[PDB]
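Structure file entry35.cif (mmCIF, C-alpha atoms) is printed below.
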data_work
#
loop_
_atom_site.label_atom_id
_atom_site.label_comp_id
_atom_site.auth_asym_id
_atom_site.auth_seq_id
_atom_site.Cartn_x
_atom_site.Cartn_y
_atom_site.Cartn_z
CA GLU M 5 195.47 61.12 124.58
CA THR M 6 191.77 60.44 124.67
CA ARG M 7 189.25 61.74 127.14
CA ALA M 8 188.05 58.70 129.08
CA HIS M 9 191.54 57.50 129.92
CA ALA M 10 192.33 60.90 131.42
CA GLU M 11 189.05 60.89 133.33
CA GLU M 12 189.92 57.47 134.74
CA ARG M 13 193.34 58.81 135.76
CA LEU M 14 192.04 61.81 137.71
CA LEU M 15 189.27 59.77 139.30
CA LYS M 16 192.01 57.41 140.43
CA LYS M 17 193.97 60.36 141.82
CA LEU M 18 191.26 62.19 143.78
CA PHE M 19 190.20 59.22 145.88
CA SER M 20 193.64 58.36 147.23
CA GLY M 21 193.33 59.70 150.75
CA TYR M 22 189.85 61.16 150.67
CA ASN M 23 187.86 60.27 153.75
CA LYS M 24 184.08 60.07 153.87
CA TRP M 25 183.28 61.32 157.34
CA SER M 26 185.59 64.30 157.70
CA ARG M 27 183.79 67.63 157.72
CA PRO M 28 185.49 69.19 154.74
CA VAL M 29 186.98 72.56 155.58
CA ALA M 30 190.60 73.44 156.10
CA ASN M 31 190.53 75.44 159.33
CA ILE M 32 188.23 74.26 162.09
CA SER M 33 186.40 77.52 162.74
CA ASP M 34 185.18 77.76 159.14
CA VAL M 35 181.71 76.72 158.07
CA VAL M 36 180.21 75.28 154.90
CA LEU M 37 177.17 76.81 153.28
CA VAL M 38 174.75 74.15 152.14
CA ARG M 39 172.51 75.98 149.72
CA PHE M 40 169.02 74.60 149.54
CA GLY M 41 165.84 74.66 147.55
CA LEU M 42 162.92 72.55 146.44
CA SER M 43 160.83 72.11 143.33
CA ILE M 44 157.48 70.38 143.50
CA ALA M 45 156.85 67.58 141.07
CA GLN M 46 153.22 66.88 141.96
CA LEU M 47 150.97 66.98 145.01
CA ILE M 48 149.58 63.48 145.37
CA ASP M 49 147.28 63.28 148.38
CA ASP P 2 186.73 28.19 127.37
CA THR P 3 187.51 30.88 124.79
CA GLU P 4 184.28 32.54 125.91
CA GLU P 5 185.76 32.51 129.42
CA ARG P 6 189.01 34.08 128.24
CA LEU P 7 187.07 36.77 126.42
CA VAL P 8 184.81 37.52 129.41
CA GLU P 9 187.88 37.72 131.64
CA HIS P 10 189.59 40.00 129.11
CA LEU P 11 186.68 42.39 128.64
CA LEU P 12 185.84 43.11 132.26
CA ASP P 13 189.26 43.62 133.79
CA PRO P 14 188.65 46.15 136.58
CA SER P 15 192.03 47.73 136.06
CA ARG P 16 191.09 48.22 132.42
CA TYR P 17 187.38 48.95 132.61
CA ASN P 18 185.94 51.42 135.05
CA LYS P 19 182.18 51.34 134.61
CA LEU P 20 181.51 54.81 136.05
CA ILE P 21 182.74 56.72 132.99
CA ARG P 22 181.12 57.25 129.63
CA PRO P 23 182.62 56.24 126.27
CA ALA P 24 183.52 59.65 124.95
CA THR P 25 186.09 59.91 122.18
CA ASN P 26 187.31 62.64 119.80
CA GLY P 27 186.86 65.56 122.17
CA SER P 28 183.47 64.94 123.84
CA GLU P 29 181.15 63.54 121.24
CA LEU P 30 177.72 62.41 122.26
CA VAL P 31 176.80 58.79 122.68
CA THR P 32 173.55 58.05 120.94
CA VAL P 33 171.08 55.82 122.72
CA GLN P 34 168.48 54.61 120.25
CA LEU P 35 165.49 53.42 122.22
CA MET P 36 162.15 52.10 121.16
CA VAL P 37 159.52 50.67 123.40
CA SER P 38 157.22 47.71 122.86
CA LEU P 39 154.03 46.98 124.74
CA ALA P 40 153.12 43.59 126.13
CA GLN P 41 149.74 44.13 127.75
CA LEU P 42 147.93 47.07 129.21
CA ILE P 43 147.14 45.70 132.64
CA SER P 44 144.81 48.23 134.19
CA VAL P 45 143.64 51.78 133.89
CA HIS P 46 142.64 52.86 137.38
CA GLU P 47 140.18 55.73 137.19
CA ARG P 48 139.90 56.54 140.87
CA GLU P 49 143.57 57.19 141.64
CA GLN P 50 144.47 57.91 137.95
CA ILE P 51 147.17 55.28 137.53
CA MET P 52 147.78 53.33 134.36
CA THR P 53 149.68 50.10 134.93
CA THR P 54 151.42 48.78 131.82
CA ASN P 55 153.92 45.98 131.14
CA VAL P 56 156.54 46.97 128.64
CA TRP P 57 159.84 45.97 127.00
CA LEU P 58 162.32 48.76 126.42
CA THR P 59 164.91 48.09 123.70
CA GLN P 60 167.95 50.32 124.05
CA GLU P 61 170.98 50.07 121.83
CA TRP P 62 174.10 52.16 121.74
CA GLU P 63 177.75 52.35 120.76
CA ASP P 64 180.73 51.54 122.95
CA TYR P 65 184.37 51.48 121.95
CA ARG P 66 186.45 49.68 124.57
CA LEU P 67 184.67 46.34 124.28
CA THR P 68 186.02 45.04 121.00
CA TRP P 69 188.32 42.26 119.94
CA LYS P 70 189.71 40.78 116.76
CA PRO P 71 187.54 37.72 116.06
CA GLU P 72 190.43 35.76 114.58
CA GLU P 73 192.23 35.77 117.92
CA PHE P 74 189.40 34.08 119.80
CA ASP P 75 188.38 31.46 117.19
CA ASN P 76 185.47 33.23 115.44
CA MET P 77 183.16 34.62 118.06
CA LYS P 78 181.23 37.62 116.86
CA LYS P 79 178.80 38.03 119.68
CA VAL P 80 178.98 37.35 123.41
CA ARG P 81 176.79 37.90 126.45
CA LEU P 82 177.83 40.12 129.37
CA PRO P 83 176.08 40.07 132.79
CA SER P 84 174.01 43.30 132.65
CA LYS P 85 174.89 46.20 135.10
CA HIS P 86 178.60 45.13 135.04
CA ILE P 87 179.06 47.22 131.87
CA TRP P 88 178.21 50.87 131.49
CA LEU P 89 174.56 51.68 130.89
CA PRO P 90 172.86 55.07 130.59
CA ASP P 91 170.08 55.39 133.08
CA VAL P 92 166.84 55.73 131.13
CA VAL P 93 163.83 55.79 133.43
CA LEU P 94 160.27 57.01 133.73
CA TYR P 95 159.65 60.51 134.84
CA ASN P 96 155.95 60.84 135.55
CA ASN P 97 155.85 58.17 138.17
CA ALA P 98 153.60 57.19 140.94
CA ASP P 99 155.06 55.08 143.82
CA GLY P 100 158.76 55.84 143.26
CA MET P 101 159.92 52.87 141.18
CA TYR P 102 162.11 54.64 138.66
CA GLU P 103 164.43 52.08 137.09
CA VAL P 104 163.64 48.81 135.27
CA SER P 105 162.69 45.55 136.94
CA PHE P 106 164.94 42.71 135.81
CA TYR P 107 168.49 43.74 134.62
CA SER P 108 169.01 40.98 132.06
CA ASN P 109 172.00 40.12 129.90
CA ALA P 110 173.40 42.33 127.17
CA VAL P 111 174.62 41.29 123.77
CA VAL P 112 177.99 42.62 122.72
CA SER P 113 179.11 42.48 119.09
CA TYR P 114 182.64 42.90 117.86
CA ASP P 115 181.86 46.47 116.79
CA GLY P 116 181.21 47.69 120.26
CA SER P 117 177.50 47.94 119.62
CA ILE P 118 175.48 47.00 122.67
CA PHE P 119 171.91 45.74 122.53
CA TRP P 120 169.75 45.61 125.64
CA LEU P 121 166.20 44.60 126.35
CA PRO P 122 164.92 44.44 129.90
CA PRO P 123 161.28 44.19 130.83
CA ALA P 124 159.41 46.37 133.31
CA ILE P 125 156.08 46.94 134.89
CA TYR P 126 155.45 50.65 135.01
CA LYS P 127 152.84 52.73 136.77
CA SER P 128 152.42 56.04 134.99
CA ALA P 129 150.10 58.73 136.34
CA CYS P 130 147.90 59.91 133.51
CA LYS P 131 145.22 62.56 133.38
CA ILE P 132 141.68 61.26 132.96
CA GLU P 133 139.17 63.10 130.77
CA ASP W 2 192.98 67.49 158.19
CA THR W 3 193.93 66.34 161.69
CA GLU W 4 190.35 65.24 162.32
CA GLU W 5 190.65 63.10 159.18
CA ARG W 6 193.81 61.53 160.62
CA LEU W 7 191.89 60.94 163.85
CA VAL W 8 188.90 59.28 162.15
CA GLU W 9 191.32 57.03 160.28
CA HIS W 10 192.94 56.29 163.63
CA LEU W 11 189.78 55.51 165.62
CA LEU W 12 187.70 53.24 163.39
CA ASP W 13 190.66 51.19 162.16
CA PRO W 14 189.33 47.61 161.75
CA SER W 15 192.52 46.00 163.01
CA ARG W 16 192.17 48.07 166.17
CA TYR W 17 188.44 48.17 166.82
CA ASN W 18 186.29 45.10 166.36
CA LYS W 19 182.72 46.33 166.30
CA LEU W 20 180.60 43.57 167.75
CA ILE W 21 182.33 43.02 171.09
CA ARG W 22 181.33 45.02 174.12
CA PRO W 23 183.58 47.53 175.90
CA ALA W 24 184.76 46.03 179.12
CA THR W 25 188.25 45.51 180.56
CA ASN W 26 188.47 43.81 184.01
CA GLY W 27 186.97 40.28 184.32
CA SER W 28 183.48 41.10 182.93
CA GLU W 29 182.44 44.49 184.26
CA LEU W 30 179.19 46.12 183.20
CA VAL W 31 178.37 49.03 180.94
CA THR W 32 175.75 51.58 181.83
CA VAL W 33 173.28 52.77 179.26
CA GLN W 34 171.28 55.79 180.37
CA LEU W 35 168.28 56.74 178.29
CA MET W 36 165.34 59.07 178.24
CA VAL W 37 162.53 59.78 175.81
CA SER W 38 161.55 63.07 174.20
CA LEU W 39 158.20 63.09 172.46
CA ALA W 40 157.57 65.02 169.27
CA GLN W 41 153.88 64.46 168.53
CA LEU W 42 151.25 61.82 169.06
CA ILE W 43 150.08 61.03 165.55
CA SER W 44 147.22 58.60 165.96
CA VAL W 45 145.45 56.22 168.24
CA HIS W 46 143.76 53.60 166.11
CA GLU W 47 140.94 51.85 167.90
CA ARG W 48 139.84 49.34 165.28
CA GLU W 49 143.07 47.37 165.60
CA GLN W 50 144.42 48.75 168.96
CA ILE W 51 147.58 50.46 167.68
CA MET W 52 149.19 53.76 168.68
CA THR W 53 151.43 55.59 166.19
CA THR W 54 153.89 58.09 167.73
CA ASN W 55 157.02 60.13 166.93
CA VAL W 56 159.78 59.94 169.51
CA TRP W 57 163.44 60.88 169.78
CA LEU W 58 165.17 58.72 172.38
CA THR W 59 168.49 59.84 173.85
CA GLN W 60 170.98 57.18 174.86
CA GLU W 61 174.34 57.80 176.42
CA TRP W 62 176.89 55.24 177.49
CA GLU W 63 180.58 54.99 178.26
CA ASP W 64 183.18 53.27 176.08
CA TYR W 65 186.89 52.99 176.83
CA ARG W 66 188.73 52.18 173.61
CA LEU W 67 187.51 55.31 171.88
CA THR W 68 190.02 57.62 173.55
CA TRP W 69 192.56 60.04 172.16
CA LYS W 70 195.15 62.13 173.99
CA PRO W 71 193.80 65.48 172.89
CA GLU W 72 196.86 67.72 172.86
CA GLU W 73 198.44 65.40 170.31
CA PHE W 74 195.58 66.09 167.91
CA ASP W 75 195.82 69.88 168.25
CA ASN W 76 193.19 70.51 170.98
CA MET W 77 190.19 68.56 169.72
CA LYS W 78 187.56 67.70 172.29
CA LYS W 79 184.67 66.32 170.34
CA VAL W 80 184.29 64.47 167.06
CA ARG W 81 181.35 63.04 165.18
CA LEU W 82 181.27 59.43 164.06
CA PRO W 83 178.92 57.39 161.89
CA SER W 84 176.97 54.95 164.00
CA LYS W 85 177.15 51.93 161.77
CA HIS W 86 180.78 51.43 162.61
CA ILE W 87 180.97 51.84 166.39
CA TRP W 88 179.39 49.62 169.00
CA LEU W 89 175.72 50.07 169.75
CA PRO W 90 173.85 48.79 172.72
CA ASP W 91 170.74 47.44 171.18
CA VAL W 92 167.72 49.24 172.58
CA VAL W 93 164.51 48.23 170.84
CA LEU W 94 160.78 48.15 171.39
CA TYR W 95 159.26 45.03 172.81
CA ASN W 96 155.49 45.27 172.60
CA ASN W 97 155.74 46.18 168.97
CA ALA W 98 152.97 45.67 166.48
CA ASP W 99 153.85 45.36 162.74
CA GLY W 100 157.45 44.35 163.32
CA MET W 101 159.90 47.22 163.00
CA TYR W 102 162.35 46.89 165.92
CA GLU W 103 165.29 49.22 165.27
CA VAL W 104 165.36 53.03 164.95
CA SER W 105 164.73 54.78 161.66
CA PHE W 106 167.66 57.03 160.75
CA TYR W 107 171.01 55.90 162.36
CA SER W 108 172.42 59.39 162.83
CA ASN W 109 175.87 60.47 163.94
CA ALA W 110 177.20 59.91 167.44
CA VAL W 111 179.15 62.54 169.25
CA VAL W 112 182.26 61.21 170.89
CA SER W 113 184.08 63.19 173.54
CA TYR W 114 187.65 62.52 174.58
CA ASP W 115 186.67 60.59 177.70
CA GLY W 116 184.63 58.08 175.74
CA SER W 117 181.19 59.19 176.79
CA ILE W 118 178.95 58.69 173.80
CA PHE W 119 175.78 60.71 173.28
CA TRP W 120 173.37 59.42 170.65
CA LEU W 121 169.95 60.55 169.53
CA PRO W 122 168.18 58.88 166.62
CA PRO W 123 164.59 59.65 165.69
CA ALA W 124 161.86 57.08 165.25
CA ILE W 125 158.25 56.54 164.54
CA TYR W 126 156.81 53.63 166.44
CA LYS W 127 153.61 51.66 166.16
CA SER W 128 153.19 50.47 169.72
CA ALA W 129 150.41 48.12 170.76
CA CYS W 130 148.14 49.00 173.67
CA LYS W 131 144.88 47.75 175.08
CA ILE W 132 141.95 50.06 174.57
CA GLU W 133 139.24 49.88 177.22
#

Show me this structure written as structure tokens.
Amino acid sequence: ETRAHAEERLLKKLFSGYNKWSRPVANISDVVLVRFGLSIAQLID
Amino acid sequence: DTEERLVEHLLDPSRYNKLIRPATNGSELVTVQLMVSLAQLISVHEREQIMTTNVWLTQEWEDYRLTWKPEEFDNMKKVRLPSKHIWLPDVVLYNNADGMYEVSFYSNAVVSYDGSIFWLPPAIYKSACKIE
Amino acid sequence: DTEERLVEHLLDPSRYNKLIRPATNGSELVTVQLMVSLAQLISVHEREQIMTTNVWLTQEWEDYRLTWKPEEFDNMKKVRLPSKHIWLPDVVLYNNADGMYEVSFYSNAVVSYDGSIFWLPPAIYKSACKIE
């Protein structure tokens, strides 16, 4: 009925059989595309 | 003993997951009132432009799943929870030398019967300030 | 999906106790082959006799209880594994100044279906050497 109870329910559901070290695609000849990019905060030395 | 039954009731890990935020009523904000309080300026370092201060950072906010009826636990209004076991919003520095972002002690936190949380940890902080 | 069933099969802590060594018949050896690939020589410091270098060392050995029968797991020859949870042979420095003994990243290990384990972590090392 409220938000945080429903958020606790779906965060209980998603980590049932999730595994940390499996490379997460569905078919084995399919790649992921890790998009990258920096931003400088400062240049110290 | 009644303090023990309250501290066991409030931090049930089936009841209380600390990784969520206390949103009610269709995603309201939580309001974190902070004010800072100096203790001593330790050193202004002109050559590498670092100011080292020692500061106390009072944050107080509103929670809603940490209440009780005070008649049921023999008139407690105000208990102490081990800090970092409850939710806390991460409020850090941002212009930092040397990569120490969070606070230094993680002390106790004072819970009322409202749900209002008070928190005051100390820190030493090394900000990187621009020297005229 | 089937790889995820395999990684739940292989590192199962009832099946695979980490800190024993892989041997089967009345204390036979294991063979650890290694070689060193340099990346750069950073510095030779003469005031305190210390050499700072960057080196990737390749170790490969042969385990026996990391085996799967690969037509049951839909023709998989080669998985990756995190190297905190398998056995390691400990290969360290020994003339080390400033006291860091292990490697610096602890990367993944590639495990073939025979059990031959290839491993390549990177390191920086502050070796000690006698300047004449």

- Item | Non-local contacts of range 121-124 of chain W (8 Å; only C-alpha atoms; under 6 positions in same chain excluded) as a list in words | residues 55, 56, 57, 58, 59, 60, 104, 105, 106, 107, 108 and 110 of chain W

Show me a table, sorted first by chain and then by increasing residue number, of the residues of chain M having an atom at most 10 Å from chain P, each with its shortest atom pair and the distance in Å to one decimal, counting all atoms listed in the file and written as CSV.
residue,atom,partner,partner_atom,distance
M:5,CA,P:26,CA,9.6
M:6,CA,P:25,CA,6.2
M:7,CA,P:25,CA,6.2
M:8,CA,P:24,CA,6.2
M:9,CA,P:21,CA,9.4
M:11,CA,P:21,CA,7.6
M:12,CA,P:18,CA,7.2
M:15,CA,P:21,CA,9.6
M:45,CA,P:96,CA,8.8
M:46,CA,P:96,CA,9.2
M:48,CA,P:98,CA,8.7
M:49,CA,P:49,CA,9.8

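In this model, the gap between CA of residue 10 in chain W and CA of residue 77 in chain W comes to 14.0 Å.
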
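Here CA of residue 83 in chain W and CA of residue 40 in chain W stand 23.8 Å from one another.
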
- Identify all residues satisfying the PyMOL selection byres ((chain M and resi 26-43) around 8) in the given file; provide them as a ChimeraX atom specification. /M:23-25,44-45 /W:2,4-5,8

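Taking CA of residue 41 in chain W as the reference point, CA of residue 89 in chain W is found at 26.2 Å.
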
- Task: Using the chain letters and residue numbers of this document, give as a ChimeraX atom specification the residues selected by the PyMOL selection byres ((chain W and resi 131-133) around 7).
- Result: /W:47,50,130

Go through the shown structure with the PyMOL selection byres ((chain W and resi 52) around 7) and write out the matching residues as an mmCIF file with C-alpha atoms, in the coordinates of the input.
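Written out: part_3.cif:
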data_model
loop_
_atom_site.group_PDB
_atom_site.id
_atom_site.type_symbol
_atom_site.label_atom_id
_atom_site.label_comp_id
_atom_site.auth_asym_id
_atom_site.auth_seq_id
_atom_site.Cartn_x
_atom_site.Cartn_y
_atom_site.Cartn_z
ATOM 1 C CA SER W 44 147.220 58.600 165.960
ATOM 2 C CA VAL W 45 145.450 56.220 168.240
ATOM 3 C CA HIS W 46 143.760 53.600 166.110
ATOM 4 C CA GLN W 50 144.420 48.750 168.960
ATOM 5 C CA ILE W 51 147.580 50.460 167.680
ATOM 6 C CA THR W 53 151.430 55.590 166.190
ATOM 7 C CA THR W 54 153.890 58.090 167.730
ATOM 8 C CA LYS W 127 153.610 51.660 166.160
ATOM 9 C CA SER W 128 153.190 50.470 169.720
ATOM 10 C CA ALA W 129 150.410 48.120 170.760
ATOM 11 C CA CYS W 130 148.140 49.000 173.670
#

Using the file's own x, y and z axes, what box holds all listed atoms of range 58-73 of chain P with 8 Å on each side, keeping edges along x, y and z, and what are its centre and edge lengths in Å to one decimal, as AutoDock Vina command-line options?
--center_x 177.3 --center_y 44.1 --center_z 120.5 --size_x 45.9 --size_y 32.6 --size_z 27.8

- Query: Which residues come within 7 Å of residue 33 in chain W, counting only C-alpha atoms, excluding same-chain residues fewer than 2 positions away, as a ChimeraX atom specification?
  - Reply: /W:31,35,60-62

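Restricting the calculation to only C-alpha atoms, the smallest distance between residue 74 in chain W and any of W:38, W:32, W:114, W:119 is found for W:114.
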
Written-out range 21-43 of chain M (N, CA, C and O atoms) as a PDB file, in the first residue's frame:
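Output file out.pdb is given in full below:
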ATOM      1  N   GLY M  21      17.707 -15.948  -7.097  1.00  0.00           N
ATOM      2  CA  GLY M  21      18.687 -16.809  -7.715  1.00  0.00           C
ATOM      3  C   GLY M  21      19.641 -16.053  -8.605  1.00  0.00           C
ATOM      4  O   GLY M  21      20.150 -16.594  -9.585  1.00  0.00           O
ATOM      5  N   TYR M  22      19.867 -14.790  -8.286  1.00  0.00           N
ATOM      6  CA  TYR M  22      20.874 -14.008  -8.968  1.00  0.00           C
ATOM      7  C   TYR M  22      22.238 -14.454  -8.503  1.00  0.00           C
ATOM      8  O   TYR M  22      22.439 -14.760  -7.331  1.00  0.00           O
ATOM      9  N   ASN M  23      23.177 -14.487  -9.431  1.00  0.00           N
ATOM     10  CA  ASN M  23      24.508 -15.001  -9.153  1.00  0.00           C
ATOM     11  C   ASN M  23      25.494 -13.922  -9.552  1.00  0.00           C
ATOM     12  O   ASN M  23      25.283 -13.254 -10.563  1.00  0.00           O
ATOM     13  N   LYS M  24      26.542 -13.739  -8.754  1.00  0.00           N
ATOM     14  CA  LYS M  24      27.405 -12.580  -8.913  1.00  0.00           C
ATOM     15  C   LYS M  24      28.340 -12.718 -10.097  1.00  0.00           C
ATOM     16  O   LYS M  24      28.638 -11.736 -10.776  1.00  0.00           O
ATOM     17  N   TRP M  25      28.819 -13.926 -10.362  1.00  0.00           N
ATOM     18  CA  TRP M  25      29.948 -14.072 -11.269  1.00  0.00           C
ATOM     19  C   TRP M  25      29.573 -14.587 -12.644  1.00  0.00           C
ATOM     20  O   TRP M  25      30.451 -14.936 -13.434  1.00  0.00           O
ATOM     21  N   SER M  26      28.289 -14.649 -12.940  1.00  0.00           N
ATOM     22  CA  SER M  26      27.831 -15.074 -14.248  1.00  0.00           C
ATOM     23  C   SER M  26      27.816 -13.881 -15.182  1.00  0.00           C
ATOM     24  O   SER M  26      27.307 -12.822 -14.816  1.00  0.00           O
ATOM     25  N   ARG M  27      28.377 -14.051 -16.369  1.00  0.00           N
ATOM     26  CA  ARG M  27      28.440 -12.960 -17.329  1.00  0.00           C
ATOM     27  C   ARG M  27      27.071 -12.754 -17.953  1.00  0.00           C
ATOM     28  O   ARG M  27      26.619 -13.603 -18.718  1.00  0.00           O
ATOM     29  N   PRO M  28      26.395 -11.668 -17.661  1.00  0.00           N
ATOM     30  CA  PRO M  28      24.937 -11.656 -17.798  1.00  0.00           C
ATOM     31  C   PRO M  28      24.375 -11.339 -19.179  1.00  0.00           C
ATOM     32  O   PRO M  28      23.889 -10.271 -19.487  1.00  0.00           O
ATOM     33  N   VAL M  29      24.432 -12.325 -20.063  1.00  0.00           N
ATOM     34  CA  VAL M  29      23.644 -12.314 -21.283  1.00  0.00           C
ATOM     35  C   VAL M  29      22.876 -13.615 -21.331  1.00  0.00           C
ATOM     36  O   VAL M  29      23.075 -14.504 -20.507  1.00  0.00           O
ATOM     37  N   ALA M  30      22.001 -13.737 -22.322  1.00  0.00           N
ATOM     38  CA  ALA M  30      21.119 -14.890 -22.379  1.00  0.00           C
ATOM     39  C   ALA M  30      21.650 -15.963 -23.314  1.00  0.00           C
ATOM     40  O   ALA M  30      21.554 -17.152 -23.010  1.00  0.00           O
ATOM     41  N   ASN M  31      22.200 -15.572 -24.451  1.00  0.00           N
ATOM     42  CA  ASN M  31      22.815 -16.506 -25.376  1.00  0.00           C
ATOM     43  C   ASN M  31      24.297 -16.186 -25.420  1.00  0.00           C
ATOM     44  O   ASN M  31      24.671 -15.019 -25.308  1.00  0.00           O
ATOM     45  N   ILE M  32      25.127 -17.218 -25.599  1.00  0.00           N
ATOM     46  CA  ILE M  32      26.529 -17.157 -25.170  1.00  0.00           C
ATOM     47  C   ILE M  32      27.373 -16.385 -26.184  1.00  0.00           C
ATOM     48  O   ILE M  32      28.407 -15.795 -25.849  1.00  0.00           O
ATOM     49  N   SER M  33      26.887 -16.281 -27.418  1.00  0.00           N
ATOM     50  CA  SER M  33      27.583 -15.477 -28.414  1.00  0.00           C
ATOM     51  C   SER M  33      27.073 -14.048 -28.487  1.00  0.00           C
ATOM     52  O   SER M  33      27.079 -13.464 -29.573  1.00  0.00           O
ATOM     53  N   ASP M  34      26.606 -13.484 -27.382  1.00  0.00           N
ATOM     54  CA  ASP M  34      26.117 -12.120 -27.354  1.00  0.00           C
ATOM     55  C   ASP M  34      26.925 -11.316 -26.345  1.00  0.00           C
ATOM     56  O   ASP M  34      27.212 -11.782 -25.243  1.00  0.00           O
ATOM     57  N   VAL M  35      27.270 -10.092 -26.720  1.00  0.00           N
ATOM     58  CA  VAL M  35      28.208  -9.317 -25.925  1.00  0.00           C
ATOM     59  C   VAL M  35      27.449  -8.314 -25.074  1.00  0.00           C
ATOM     60  O   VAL M  35      26.250  -8.108 -25.276  1.00  0.00           O
ATOM     61  N   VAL M  36      28.114  -7.713 -24.088  1.00  0.00           N
ATOM     62  CA  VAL M  36      27.581  -6.530 -23.426  1.00  0.00           C
ATOM     63  C   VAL M  36      28.353  -5.338 -23.955  1.00  0.00           C
ATOM     64  O   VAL M  36      29.389  -5.482 -24.601  1.00  0.00           O
ATOM     65  N   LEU M  37      27.830  -4.150 -23.704  1.00  0.00           N
ATOM     66  CA  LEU M  37      28.441  -2.942 -24.230  1.00  0.00           C
ATOM     67  C   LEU M  37      28.628  -1.956 -23.102  1.00  0.00           C
ATOM     68  O   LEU M  37      27.766  -1.106 -22.873  1.00  0.00           O
ATOM     69  N   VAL M  38      29.757  -2.059 -22.427  1.00  0.00           N
ATOM     70  CA  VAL M  38      30.075  -1.244 -21.273  1.00  0.00           C
ATOM     71  C   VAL M  38      30.417   0.151 -21.735  1.00  0.00           C
ATOM     72  O   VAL M  38      31.523   0.383 -22.215  1.00  0.00           O
ATOM     73  N   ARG M  39      29.477   1.078 -21.646  1.00  0.00           N
ATOM     74  CA  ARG M  39      29.765   2.422 -22.097  1.00  0.00           C
ATOM     75  C   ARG M  39      30.548   3.165 -21.044  1.00  0.00           C
ATOM     76  O   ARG M  39      30.300   3.007 -19.849  1.00  0.00           O
ATOM     77  N   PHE M  40      31.469   4.000 -21.495  1.00  0.00           N
ATOM     78  CA  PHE M  40      32.521   4.535 -20.656  1.00  0.00           C
ATOM     79  C   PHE M  40      32.496   6.048 -20.703  1.00  0.00           C
ATOM     80  O   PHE M  40      31.818   6.639 -21.539  1.00  0.00           O
ATOM     81  N   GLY M  41      33.205   6.669 -19.774  1.00  0.00           N
ATOM     82  CA  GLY M  41      33.568   8.066 -19.941  1.00  0.00           C
ATOM     83  C   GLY M  41      33.984   8.680 -18.629  1.00  0.00           C
ATOM     84  O   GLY M  41      33.462   8.330 -17.572  1.00  0.00           O
ATOM     85  N   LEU M  42      34.926   9.603 -18.704  1.00  0.00           N
ATOM     86  CA  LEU M  42      35.457  10.226 -17.507  1.00  0.00           C
ATOM     87  C   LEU M  42      34.833  11.586 -17.285  1.00  0.00           C
ATOM     88  O   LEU M  42      33.985  12.035 -18.049  1.00  0.00           O
ATOM     89  N   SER M  43      35.245  12.216 -16.187  1.00  0.00           N
ATOM     90  CA  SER M  43      35.094  13.652 -15.956  1.00  0.00           C
ATOM     91  C   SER M  43      36.195  13.989 -14.972  1.00  0.00           C
ATOM     92  O   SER M  43      36.334  13.285 -13.976  1.00  0.00           O
TER      93      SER M  43
END
